[PDB]
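Below is one structure, written out as structure tokens; the observations come after it.
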Amino acid sequence: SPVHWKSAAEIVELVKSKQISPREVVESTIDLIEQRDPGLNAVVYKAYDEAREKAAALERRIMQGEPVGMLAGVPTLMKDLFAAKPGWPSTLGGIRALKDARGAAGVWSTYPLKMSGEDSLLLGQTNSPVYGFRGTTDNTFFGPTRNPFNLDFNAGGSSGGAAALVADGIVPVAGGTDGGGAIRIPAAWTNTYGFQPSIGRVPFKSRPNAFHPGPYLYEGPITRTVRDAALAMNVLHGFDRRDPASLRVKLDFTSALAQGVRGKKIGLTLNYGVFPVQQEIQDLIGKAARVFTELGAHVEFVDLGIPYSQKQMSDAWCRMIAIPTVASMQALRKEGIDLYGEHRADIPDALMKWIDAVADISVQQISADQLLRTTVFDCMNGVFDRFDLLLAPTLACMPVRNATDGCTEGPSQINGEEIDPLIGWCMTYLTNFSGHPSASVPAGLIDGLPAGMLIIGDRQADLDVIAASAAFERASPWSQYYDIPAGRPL
Ligand SMILES: CC(=O)Nc1ccc(O)cc1
């Protein structure tokens, strides 16, 4: 294959130097998807002819010396969760009742708009759980997205299809969305790099309600290299007056790749003082943290002092996400797609529990959750009063086995403590409360399966996160572990 395992940086140079046509990039990527995706079950929509059309036009511009974009010829896919691209489907993570829906003219999600704007080629959409409402990827319409490191296990979620394609070498970058960790969760379970930007760094369009009570929502890349993530972030970030959090700031993310971390003060936590975390993960992260000490950074353990239990916090997150989920379900029912009645089977019971719970949620309850959120925000800020960076495990547990009922979920206990199987073990959701940028960096393998370390920066310190990530990547590479999916039976 001319493109299998090639980086985005490599493909851009192959295309711009005219070593390979955009046409061949598309046909070769299609070959890989048809050959390798049957096992992964990561792709839920194929836009092959559209990509072929775009490649023909890109090829003409290249041969004629007309202007081309920063990501010219890079193949990618977007996530099927609140997906908006004209003419494309949007099933909200495998809701069968929505299978015939198609995007209206002029309405775009950020990832497909901006990536295609710089001449990346969109080949289709990737699998997500229903309404993104769990840290695994499975649903009863498309099924589970499986882990390239072991297909008996789940890829993670909700951006599981995105991470699976990237970890299997099929595309160098894929788009994720993140409301409780969905860029970072599947990255951790698949040995890939998931970058969740500062709130307001990448435009997020929430309509009809831009002022909803949900957590911070992000769009961001999943890649195999930090450089590819920096390139994608150069495209994705930027001012958009229609996002009420948007930052009117221009950055060069590639400028941070060679910065290093010498002299940086780094805080370390193994469980944020409140989560049950599998011991093997704690040990791996303790080792990973010491990589920064060899690089000239000063690392020490920190206590965030979070006064809430992890169950209180996951319950609050579920209610926060459920309110806009309910708004969507009510809107759909008004347009003739009734997920409460006729198509109730399309909604997982675990989700409907929260849908029912917030149907007439009181202002007192809304307020209590906002107070919790504020407390977590301030606990995070307390760290960045004194430290440059915070390190933690991305997740409290290793990948789970796929179920056969379309409802793969996480564990309901870790170390004998009860934990919410949908999101409780996804410690990532703290930054959806707080707004800080963070990235999941591959920390190694435990019994042949990947585990991630989360690097968190100060508010708007995206470049610090990139700098630390690239430094770690150099000193503690993870690319060798791709030998496992590269050699898997097809
Ligand atoms: C795990 C997670 O982030 N889920 C999720 C992602 C996007 C969204 O809009 C709602 C929920």
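Both counts, for ligands and for their atoms, begin at 1 and track the order of listing. For this chain, numbers begin at 1 and follow the sequence in order.
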Inset, instruction - Counting heavy atoms only, name the option from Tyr131, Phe133, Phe82, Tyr218 that's nearest to atom 9 (O) of ligand 1. - result: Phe82
Under 4.0 Å from a heavy atom of [X]: which atoms of ligand 1 are those, numbered in the order shown and with their elements?
X	result
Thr177	6 (C), 7 (C)
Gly181	3 (O)
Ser158	2 (C), 4 (N), 5 (C), 6 (C)
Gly180	2 (C), 3 (O)
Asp178	3 (O)
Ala182	1 (C), 2 (C), 3 (O)
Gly179	2 (C), 3 (O), 5 (C), 6 (C), 7 (C)

Distance-only side-chain donor-acceptor flag, [X] / [Y], under 3.5 Å:
X	Y	value
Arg459	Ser198	no
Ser314	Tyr429	no
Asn147	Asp152	no

Legend entry - Heavy-atom closest pair, residues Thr225 and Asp228: OG1-N, 3.0 Å
Legend entry - Within 45° cone of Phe239 ring axis and under 6.0 Å: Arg248 NZ or CZ: yes
Inset, instruction - Establish, for the pair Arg201 and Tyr218, whether the NZ or CZ atom is under 6.0 angstrom from the six-membered ring centre and no further than 45 degrees off its axis. - result: no
Legend entry - Identity and separation of the nearest protein heavy atom to atom 4 (N) of ligand 1: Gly132 O, 2.8 Å
Inset, instruction - Establish, yes or no, whether a centroid distance under 6.0 Å links the rings of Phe133 and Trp317. - result: yes
Legend entry - Centroid-centroid under 6.0 Å between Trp88 and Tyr45 rings: yes
Inset, instruction - Indicate yes or no: does an N/O atom of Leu81 lie under 3.5 Å from an N/O atom of ligand 1? - result: no
Legend entry - Nitrogen or oxygen of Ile185 less than 3.5 angstrom from that of ligand 1: no
Legend entry - Contact with ligand 1 for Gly135, non-hydrogen, under 4.0 angstrom: no
